[PDB]
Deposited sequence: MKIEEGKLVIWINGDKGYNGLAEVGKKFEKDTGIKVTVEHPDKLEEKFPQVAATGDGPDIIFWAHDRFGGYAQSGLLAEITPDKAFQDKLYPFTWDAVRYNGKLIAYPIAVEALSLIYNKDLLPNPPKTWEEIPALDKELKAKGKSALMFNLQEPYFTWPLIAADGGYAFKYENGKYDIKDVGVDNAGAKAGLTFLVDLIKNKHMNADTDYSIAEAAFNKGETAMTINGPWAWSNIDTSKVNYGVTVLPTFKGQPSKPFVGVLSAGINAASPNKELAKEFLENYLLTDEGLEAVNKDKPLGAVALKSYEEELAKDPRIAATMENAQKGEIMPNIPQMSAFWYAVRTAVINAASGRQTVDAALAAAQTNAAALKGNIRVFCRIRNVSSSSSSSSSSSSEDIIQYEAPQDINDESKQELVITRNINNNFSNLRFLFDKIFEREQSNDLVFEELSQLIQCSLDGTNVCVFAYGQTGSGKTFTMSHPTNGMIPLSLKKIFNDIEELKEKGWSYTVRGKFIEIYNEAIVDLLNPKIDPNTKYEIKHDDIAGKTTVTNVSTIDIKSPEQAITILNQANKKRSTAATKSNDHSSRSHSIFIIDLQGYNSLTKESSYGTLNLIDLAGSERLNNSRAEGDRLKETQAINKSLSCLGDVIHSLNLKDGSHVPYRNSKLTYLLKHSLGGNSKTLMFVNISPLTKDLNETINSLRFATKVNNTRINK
């Protein structure tokens, strides 16, 4: 638990935490209340984790964008400033920390990105992004470079991506429309394409991160960088004469940075809430409190009117607010984290050359929007006492006549297939996902349910199972894409997981000590299993034959995984792609004890993993916990797409296992 009678504070490592610690010392000196300031890594991810338990800091600092999520999860206390105190802060800063009509944090300062330039290398910085390549060539001839900035965090790249029309959520009326996302529109593609072109032309390096960019600029090696107010003090102590100015325009339009309000929230589980308020209102949010923090790392444009007025003629702060005015305040809705995770992955994938700009943003768009989503769950009622069900719009309602009362259990699916609806109709939901794989976005297709429910019929029917149809579709699409300069190779692996052991179902290695280790490349997001044999697929018919034979050999008590790797190269654009389609026929889920124990653990872990992924909020994803999830790690996370068929029997006698299956389903569908 949290210690009553103390304050523990968490703030990010890039802010002036030593200055903040000074404030805590004054608070301790006056009140006897000890204040401890900490800057743990990934604290914005740890907070929701520990605070869910009733642990964590009394006070948490972060930009306002994260706080809506915390509030929706009940992790924050409503703050209670009176009107005399509210009047001391700008109204627009109070707006940033209001969620569902309630104030959920104290606003501290307004932050936006600006262009920072070396006045000696570059007396007249470029007004446009478009000039940068030529400027870089000139500087390179003096052993310098034009621009270096953090490319790992979408916060830094977004202003360019937004310039020509990109946006997170359409703003119409009160509400941000979580169904209208602007991540893959023409504006966003244009911006990201420009960024990627800079990298292709060697004006920037895909690997550049915060530390690299900072050392480069502060050492006088690059002429420009892009950063926020917190970075100024390190430049002050450097030898560089720098200026802070408006970001470059793109296609004549201003870059639009996301505007953040550094905010301080109170842990709902703190037994120190009144003390936290005294500290925040009477010590931090004062001229002297803010100056202590500001002198450590600059805050930007502070929320406190008196001190803001005092610093207003600082040209760096003026530049900050000009860029701010041109950008947009960040939404604080829980969905923002989904947005950020999605865009982070897209940018990294495009910038590194692993995926085209279009394909990267397409996948991020889907992950970030409340539409079809990344994880799709379907119920398939096998064709056939038959249970009494209705499938209204989609909802499954099962009615039991429990001697002698009427029970109605309800379950919500993306779609429900039932009597005689063919494999060809079901495959229409998987069909468009094939193009995703060809574009390098990974895909998993699971069939789940009790033995007899129809998993293998769905996945492996020799004419129209999901496997044969997927192979058929892949080859059709590959042929069409030749017209656009693409050539692809198709490789398959067929493996089985039984009681946690991997068996190559194609080439069963003979050495008894032969190991099948799952080995990830967390850089490229690739995975191989040591010693599993791969076949080069020349036709669907060929692969289907091999798989038919490989089967000629228990299946109901193990996972069967068919892994198709798609590798493309385009001779016209010189681009590359690597995508994986995983087709999984799961072990039966029905309730030999070793088998049973292992299956339950595996299936339960699968559900744990999918559920967390669906929260898209950064909760822990325990891939290690099973060979299945560990194997499929890089086709489950990121902007990967998953399809889950929950197969069920229509027989009254199977009602209990059907209900178990259906309950698993609602867990993974969120």
{"item": "Missing residue ranges, deposited sequence indexing starting at 1", "value": "1, 386-398, 408-414, 575-584, 623-631, 711-715"}
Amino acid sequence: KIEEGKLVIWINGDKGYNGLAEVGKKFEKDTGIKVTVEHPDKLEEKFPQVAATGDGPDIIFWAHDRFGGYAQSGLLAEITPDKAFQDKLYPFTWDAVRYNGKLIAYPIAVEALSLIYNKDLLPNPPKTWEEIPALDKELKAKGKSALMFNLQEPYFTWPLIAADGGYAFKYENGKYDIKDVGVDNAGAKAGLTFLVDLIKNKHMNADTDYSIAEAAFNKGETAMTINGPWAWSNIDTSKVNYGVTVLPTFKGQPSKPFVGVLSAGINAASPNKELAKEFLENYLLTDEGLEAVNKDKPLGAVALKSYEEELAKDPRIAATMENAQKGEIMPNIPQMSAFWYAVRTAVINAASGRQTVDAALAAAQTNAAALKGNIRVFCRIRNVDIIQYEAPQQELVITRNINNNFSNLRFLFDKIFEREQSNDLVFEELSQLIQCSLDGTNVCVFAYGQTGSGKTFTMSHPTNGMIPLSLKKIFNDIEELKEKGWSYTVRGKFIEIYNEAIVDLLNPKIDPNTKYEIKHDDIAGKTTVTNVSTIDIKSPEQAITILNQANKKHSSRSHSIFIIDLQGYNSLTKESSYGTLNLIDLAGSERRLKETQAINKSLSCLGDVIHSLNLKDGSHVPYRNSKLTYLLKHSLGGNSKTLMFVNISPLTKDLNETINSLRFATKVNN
From here on, numbers count along this sequence of modelled residues.
{"query": "Residue range whose averaged C-alpha B-factor is higher in the record, 448-456 or 152-160", "finding": "448-456"}
{"query": "119-127 or 419-427, whichever carries the higher mean Cα B-factor", "finding": "419-427"}
{"query": "C-alpha B-factor winner, where the candidates are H554, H559, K326, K200", "finding": "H554"}
{"query": "Deposited CA B-factor, highest of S571, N218, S211, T225", "finding": "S571"}
{"query": "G56, C-alpha B-factor rank within chain (lowest, middle or highest third)", "finding": "highest"}
{"query": "For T652, the third of its chain into which the C-alpha B factor falls", "finding": "highest"}
{"query": "B-factor third for the C-alpha atom of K277 within its chain", "finding": "lowest"}
{"query": "Chain thirds of CA B-factor: placement of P248", "finding": "lowest"}
{"query": "Ranked C-alpha temperature factor of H39 among modelled chain residues, by third", "finding": "middle"}
